[PDB]
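Notes follow the structure.
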Ligand SMILES: CC(C)CCC[C@@H](C)[C@H]1CC[C@H]2[C@@H]3CC=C4C[C@@H](O)CC[C@]4(C)[C@H]3CC[C@]12C
Ligand SMILES: CC(C)CCC[C@@H](C)[C@H]1CC[C@H]2[C@@H]3CC=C4C[C@@H](O)CC[C@]4(C)[C@H]3CC[C@]12C
Ligand SMILES: [K+]
Ligand SMILES: [K+]
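If you want it as structure tokens, here you go:
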């Protein structure tokens with residue numbers, strides 16, 4: 044605890060994104076000097120879209136585990152400290168987190184096979200969630216320490232709920248589909264923004280981390296809703312430079328996007 | 170070194186100005202008045218003051234003019250977006266400089282109530298003020314700072330209310346449907362155009378993909394001008410591995426290349442049976458066949474036809490050959506038959 048090992052978690056996530064990106068380019072370069108893909112890509116297409124009987128099982132199961140994974144983060148965020156040292160067997164939360172991540176890793180591989188374009192699949196917004204969530208876990212299980220990191224990014228998976236419902240033919244009316252999309256976007260952004268504020272405020276300013284503003288995750292949720300509604304009580308506010316820096320950008324695009332969202336939700 | 174260039178540039182604009190009196194009162198001219206003459210005071214007075222040098226941020230609103238001079242911006246939306254972005258950023262930075270100067274210097278004639286406040290904290294302060302959030306952690310204490318804040322609240326809030334909503338709107342949503350169909354070895358695909366709605370697509374897909382039919386792998390490509398509604402997008406999602414959609418018109422040769430009509434097995438032109446004017450619907454669909462045949466004559470075309478007397482126009486097309494597979498489905502002829 045004398046020296047923070049947060050860069051080790053960040054370095055692996057950056058390396059995984061960089062290594063995965065160049066391999067696709069390297070494979071294209073390797074394809075210049077150089106079936107299963109005909110069957111697997113078509114087969115994986117129905118698996119992710121829930122067209123086959125086994126495809127719907129995967130679609131429903133990943134829907135449930137996405138909800139359960141976010142709950143695991145909620146109890147994790149309840150910890151007062153940002154970095155903890157503990158063995159894998161000591162805590163059962165880490166074991167269950169590992170159980171959910173291996174499923175999210177094989178599911179990531181399945182979509183990669185079903186992806187028609189490999190370069191854009193790596194650069195899609197969904198893959199960045201996996202890059203900053205899965206590789207951190209193996210680093211934690213290897214170095215034998217845990218860190219809050221960027222674990223709040225699984226809240227971004229809540230915006231695929233309308234896609235899952237449409238795959239199972241649950242939503243049919245256009246109004247119902249539009250309402251579900253807007254609700255998922257508002258909730259996912261609200262929870263993700265709270266996680267960013269919670270991490271930045273608690274960790275403190277980089278490279279010295281002497282100004283740590285103790286702030287509970289649920290208090291951050293109450294802080295964001297006040298900020299979004301332009302109420303600004305001032306009882307809870309950001310003090311760190313990075314906390315204020317992110318708030319400046321959130322006030323620009325977060326309110327602008329939500330300007331046309333709530334009016335078309337109430338009607 | 171920068172100011173002597175900004176001084177000769179001021180002289181160049183003075184020569185090019187048709188009217189001299191109105192050139193002296195220009196907003197960009199006042200920026201030169203409070204920037205360069207103070208600079209030559211420092212070289213002589215041997216002391217530096219923050220002063221009003223923050224006015225160089227007002228030069229950011231000349232950025233759209235510079236881009237238009239170089240013919241970089243041509244579209245109206247691109248020009249409008251640059252103008253709104255430059256106006257908002259320059260006002261935001263200039264207002265922060267005014268707050269930073271007034272708060273740090275203190276009230277005139279005593280200068281004993283100075284409030285130590287960083288420039289970047291002022292930048293964070295104005296954006297909170299313009300968003301009408303008002304945390305209250307950072308606020309103005311001097312008389313001048315509050316006086317300028319009162320003036321800013323009247324005009325600065327209007328700038329935020331007009332620029333920010335349009336900036337995101339001008340950027341807009343990405344074109345979800347577009348690009349070129351991916352080429353696959355041994356792939357048999359067809360192109361369906363014409364009346365593409367949730368009514369036509371759902372009935373067509375149920376018939377085309379039926380368990381009682383022969384098991385053949387044929388991808389279906391839909392081309393339409395309007396973006397599909399949420400009902401149609403969900404239908405395409407359930408048929409992701411076999412049904413594909415593109416945005417574009419069949420009469421555009423560029424759009425024909427995107428869907429690869431020349432490699433398509435056949436082209437299907439649906440028709441709007443419940444149309445107000447069958448003559449208009451028939452002839453619009455006839456023009457679609459001409460565009461497809463113009464791109465390549467050796468393409469099988471199947472079209473739905475409302476009235477029979479419009480079949481003569483298609484039969485008179487030099488590239489129309491019934492022996493090669495071209496067929497006309499006449500609704501009136503079959504229904505009355
Ligand atoms: C795909 C890449 C290029 C996007 C940019 C990389 C981003 C995700 C990386 C690079 C620098 C990283 C930051 C470096 C420093 C800090 C401060 C620490 O207290 C919390 C984590 C945080 C805030 C990191 C978050 C993730 C981060 C912003
Ligand atoms: C073209 C002319 C008539 C316009 C009005 C002249 C303006 C620009 C001049 C005249 C008086 C000047 C002010 C005199 C006193 C102060 C207080 C000092 O602490 C900050 C500068 C400030 C605020 C000056 C700003 C510039 C100023 C307001
Ligand atoms: K308001
Ligand atoms: K307020």
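Protein chains in written order, with the deposited numbering: chain A, 44 to 77, 106 to 338; chain D, 170 to 506. Where a beta carbon is used, it is the ideal one built from N, C-alpha and C, also for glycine.
Please confirm whether residue i and residue j have their CB atoms less than 9 Å apart.
i                      : j                      : result
residue 369 of chain D : residue 404 of chain D : no
residue 360 of chain D : residue 392 of chain D : yes
residue 304 of chain D : residue 319 of chain A : no
residue 278 of chain A : residue 314 of chain A : no
residue 261 of chain A : residue 295 of chain A : yes
residue 410 of chain D : residue 113 of chain A : yes
residue 168 of chain A : residue 128 of chain A : no
residue 414 of chain D : residue 387 of chain D : no
residue 229 of chain D : residue 246 of chain D : no
residue 333 of chain D : residue 323 of chain A : yes
residue 300 of chain D : residue 329 of chain D : yes
residue 282 of chain A : residue 316 of chain A : no
residue 105 of chain A : residue 202 of chain A : Here chain A breaks off after 77 and picks up again at 106, leaving residue 105 of chain A without coordinates.
residue 119 of chain A : residue 181 of chain A : yes
residue 140 of chain A : residue 171 of chain A : yes
residue 189 of chain A : residue 76 of chain A  : no
residue 396 of chain D : residue 443 of chain D : no
residue 394 of chain D : residue 417 of chain D : yes
Spatial neighbours of residue i within its chain, please: C-beta separation below 7 Å, excluding the five flanking residues on both sides.
i                      : result
residue 187 of chain D : none
residue 480 of chain D : 474, 497, 499
residue 220 of chain D : 207
residue 461 of chain D : 419, 430, 436, 468, 470
residue 291 of chain D : 265, 268, 269
residue 455 of chain D : 479, 482, 483
residue 117 of chain A : 123, 126
residue 502 of chain D : 477
I need the straight-line Cα distance from residue i to residue j, nearest angstrom please.
i                      : j                      : result
residue 289 of chain A : residue 148 of chain A : 9 Å
residue 63 of chain A  : residue 57 of chain A  : 10 Å
residue 327 of chain A : residue 302 of chain A : 16 Å
residue 233 of chain A : residue 399 of chain D : 11 Å
residue 264 of chain A : residue 307 of chain A : 15 Å
residue 193 of chain D : residue 175 of chain D : 15 Å
residue 213 of chain A : residue 223 of chain A : 21 Å
residue 243 of chain A : residue 124 of chain A : 20 Å
residue 422 of chain D : residue 55 of chain A  : 48 Å
residue 253 of chain A : residue 227 of chain D : 39 Å
residue 297 of chain D : residue 177 of chain A : 44 Å
residue 506 of chain D : residue 476 of chain D : 13 Å
residue 432 of chain D : residue 351 of chain D : 12 Å
residue 138 of chain A : residue 273 of chain A : 25 Å
residue 488 of chain D : residue 401 of chain D : 34 Å
residue 157 of chain A : residue 135 of chain A : 28 Å
I need the boundaries of the alpha helix (DSSP H) containing residue i, first residue and last residue.
i                      : result
residue 166 of chain A : 163-185
residue 271 of chain A : 245-274
residue 358 of chain D : First-last for residue 358 of chain D: 358-362, but that is the beta strand (DSSP E), not the alpha helix (DSSP H).
residue 201 of chain D : 196-202
residue 51 of chain A  : 49-76
residue 207 of chain D : 205-214
residue 462 of chain D : 447-464
residue 480 of chain D : 480-484
residue 289 of chain A : 288-299
residue 380 of chain D : Per DSSP, residue 380 of chain D belongs to no alpha helix (DSSP H) and is neither H nor E.
residue 490 of chain D : It is not in any alpha helix (DSSP H) - residue 490 of chain D carries neither H nor E in the DSSP assignment.
For the beta strand (DSSP E) containing residue i, list its first residue and its last residue.
i                      : result
residue 110 of chain A : Premise fails: residue 110 of chain A lies in the alpha helix (DSSP H), 107-120, not in any beta strand (DSSP E).
residue 389 of chain D : 388-393
residue 412 of chain D : 412-416
residue 473 of chain D : 469-474
residue 333 of chain A : Element bounds for residue 333 of chain A: n/a, residue is neither H nor E.
residue 515 of chain D : Outside the displayed span of chain D (170 to 506) sits residue 515 of chain D, for which this structure offers no information.
residue 365 of chain D : It is not in any beta strand (DSSP E) - residue 365 of chain D carries neither H nor E in the DSSP assignment.
residue 497 of chain D : 496-499
Between which residues of its own chain and residue i is the CB-CB distance below 8 Å, once the five residues before and five after are set aside?
i                      : result
residue 251 of chain D : 232, 233, 236, 242
residue 47 of chain A  : 154, 280
residue 457 of chain D : 362, 363, 419, 420, 438, 472
Spatial neighbours of residue i within its chain, please: C-beta separation below 6 Å, excluding the five flanking residues on both sides.
i                      : result
residue 248 of chain D : 242
residue 200 of chain A : 224, 227
Residues near ligand 4, CB to any non-hydrogen atom under 7 Å, in chain order?
A:302, A:303, A:304, A:305, D:302, D:303, D:304, D:305
If you measure from each CB to the nearest heavy atom of ligand 1 and keep those under 5 Å, what residues do you get, in chain order?
A:274, A:277
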